[PDB]
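When a ligand or atom number is given, it counts from 1 through the structure's own listing order. Atoms considered below: every heavy atom in the structure, side chains included; atoms not considered: hydrogens, waters and symmetry mates. Numbers for residues simply follow the sequence, beginning at 1.
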Amino acid sequence: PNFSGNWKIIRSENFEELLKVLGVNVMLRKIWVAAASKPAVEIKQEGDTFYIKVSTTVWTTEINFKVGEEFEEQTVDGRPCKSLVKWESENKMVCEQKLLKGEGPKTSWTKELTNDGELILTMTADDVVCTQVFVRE
Ligand SMILES: *C/C=C(C)/C=C/C=C(C)/C=C/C1=C(C)CCCC1(C)C
């Protein structure tokens, strides 16, 4: 299908509980939530190759990967990891992450397209699941 587009967020669930699990402490969480949980996402897709830009007001992250091809990126909390993306359906990809150094919670994210226009992100830390919902620009 086509994940390609400029996405803006309409819903966000359990983002604070995600950071709590990740170890961010209370004060930092509250701010992070309030300032930096209206992010912009841009995706350009060339088949099974992905460019992904996620940006706050003063921060940007650029992710590049081919599906099935192991790459390096960051956990939600800024820690470096090895990632691998696989398909689970036509409109849904899944990514597992292994830390580069450290022990830490088990992290992953998924990404799905509805047919009703929605782009759905999940990020997972152990048994907590943050769900963010986007529609197009
Ligand atoms: C396919 C979609 C992907 C890979 C989206 C990833 C989104 C993130 C890794 C979001 C990360 C965030 C931070 C690292 C801090 C600011 C808050 C978020 C949720 C925008």
Side-chain angles (χ1 to χ4, degrees), residues 1-16 18-37 39-43 45 47-65 67-71 73-97 99-100 102 104-137:
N2 219 23
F3 294 88
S4 290
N6 283 273
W7 305 85
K8 53 143 165 140
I9 178 172
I10 60 180
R11 293 212 296 275
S12 180
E13 188 182 15
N14 311 335
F15 184 56
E16 209 208 307
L18 177 79
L19 305 169
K20 185 177 187 180
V21 175
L22 288 160
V24 191
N25 73 47
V26 198
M27 190 197 323
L28 352 174
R29 282 181 242 147
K30 295 303 183 191
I31 313 163
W32 196 335
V33 163
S37 72
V41 186
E42 172 180 354
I43 310 163
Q45 173 191 1
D48 273 23
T49 32
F50 285 82
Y51 170 84
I52 301 175
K53 199 163 69 201
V54 180
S55 301
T56 104
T57 47
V58 306
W59 185 275
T60 288
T61 314
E62 287 174 352
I63 308 175
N64 294 257
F65 62 83
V67 177
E69 206 188 298
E70 165 158 311
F71 66 106
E73 63 161 324
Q74 274 191 335
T75 59
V76 183
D77 55 335
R79 314 180 48 164
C81 61
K82 283 272 167 181
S83 289
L84 183 59
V85 182
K86 290 178 191 180
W87 294 101
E88 252 192 5
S89 78
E90 179 171 10
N91 299 337
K92 165 130 143 162
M93 80 193 50
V94 161
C95 173
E96 64 184 347
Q97 308 185 317
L99 280 166
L100 282 180
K106 198 190 189 201
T107 60
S108 56
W109 53 263
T110 70
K111 167 221 308 318
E112 192 174 44
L113 264 172
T114 62
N115 320 47
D116 28 292
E118 289 184 347
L119 173 64
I120 290 154
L121 262 56
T122 86
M123 295 112 73
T124 301
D126 287 338
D127 48 354
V128 164
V129 185
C130 168
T131 309
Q132 295 203 324
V133 182
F134 306 75
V135 293
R136 251 179 255 260
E137 210 71 289

Open item on the list: I'd like to know if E73 contacts ligand 1, where contact means a heavy-atom distance under 4.0 Å to any ligand atom.
Closed with: no
Open item on the list: Applying side chain to side chain donor-acceptor pair (under 3.5 Å) to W109 and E73, what does each step give before you reach the verdict?
Closed with: CA-CA 12 Å; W109 53 263; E73 63 161 324; 3.1 Å; yes
TODO: Side-chain contact test, heavy atoms from C-beta onward, threshold under 4.5 Å: evaluate it for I120 versus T114 and give yes or no.
DONE: yes
TODO: Go through ligand 1 atom by atom and flag the ones less than 4.0 Å from a non-hydrogen atom of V76.
DONE: 14 (C)
Task: Atoms in ligand 1 flagged as close to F15, the criterion being non-hydrogen separation under 4.0 Å - done: 17 (C), 19 (C)
Open item on the list: Test of understanding: given a 4.0 Å heavy-atom threshold, classify the contact between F3 and ligand 1 as side chain, backbone, both, or neither.
Closed with: neither
- [ ] Record the part of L121 in heavy-atom contact with ligand 1 below 4.0 Å; permitted values are side chain, backbone, both and neither.
- [x] side chain
Task: Side chain to side chain, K86 and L84, heavy atoms closer than 4.5 Å - done: yes
TODO: Using a strict 4.0 Å cut-off to heavy atoms of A36, name the atoms of ligand 1 that fall inside it.
DONE: 16 (C), 17 (C)
Open item on the list: With a heavy-atom distance limit of 4.0 Å, tell me whether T61 approaches ligand 1 through its side chain, its backbone, both, or neither.
Closed with: neither
Task: Sub-4.0 Å atoms of ligand 1 with respect to non-hydrogen atoms of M123 - done: 19 (C)
Task: Residue of the set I52, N2, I63, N6 for which side chain to side chain contact (heavy atoms under 4.5 Å, CB included) holds with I43 - done: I52
Task: Close-contact set for ligand 1 against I63 heavy atoms, below 4.0 Å - done: 4 (C)
Task: Atoms in ligand 1 flagged as close to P39, the criterion being non-hydrogen separation under 4.0 Å - done: 20 (C)
Open item on the list: If the cut-off is 4.0 Å to any non-hydrogen atom of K111, which atoms of ligand 1 fall inside it?
Closed with: 1 (C), 2 (C), 3 (C)
Open item on the list: Between ligand 1 and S37, can you find any atom pair, the residue atom being a heavy atom, that is separated by under 4.0 Å?
Closed with: no
Open item on the list: Restricting to non-hydrogen atoms, name the atom on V129 and the atom on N14 that form the minimum distance, rounded to 0.1 Å.
Closed with: O-ND2, 3.3 Å
Task: Numbered atoms of ligand 1 (with element) below 4.0 Å of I52, judged on heavy atoms - done: 1 (C)
- [ ] Please verify whether a non-hydrogen atom of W59 lies at under 4.0 Å from ligand 1.
- [x] no
Task: Proximity to ligand 1 by part of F50, non-hydrogen separation under 4.0 Å - done: neither
Open item on the list: For a quick test of reading the model, state the closest non-hydrogen atom pair linking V33 to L19 and the distance between them.
Closed with: CG2-CD1, 4.5 Å
Open item on the list: Any heavy-atom pair between the side chains of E118 and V135 that's under 4.5 Å?
Closed with: yes
TODO: Name the orientation class of the two ring planes belonging to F15 and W32 (parallel below 30°, tilted from 30 to 60°, perpendicular beyond 60°).
DONE: perpendicular
Task: Residue pair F3 / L119: nearest heavy atoms and the distance that separates them - done: CD2-CD1, 3.9 Å
- [ ] Evaluate the criterion side chain to side chain donor-acceptor pair (under 3.5 Å) for residue pair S108 and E96; output intermediate values, then yes/no.
- [x] CA-CA 5 Å; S108 56; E96 64 184 347; over 6 Å; no
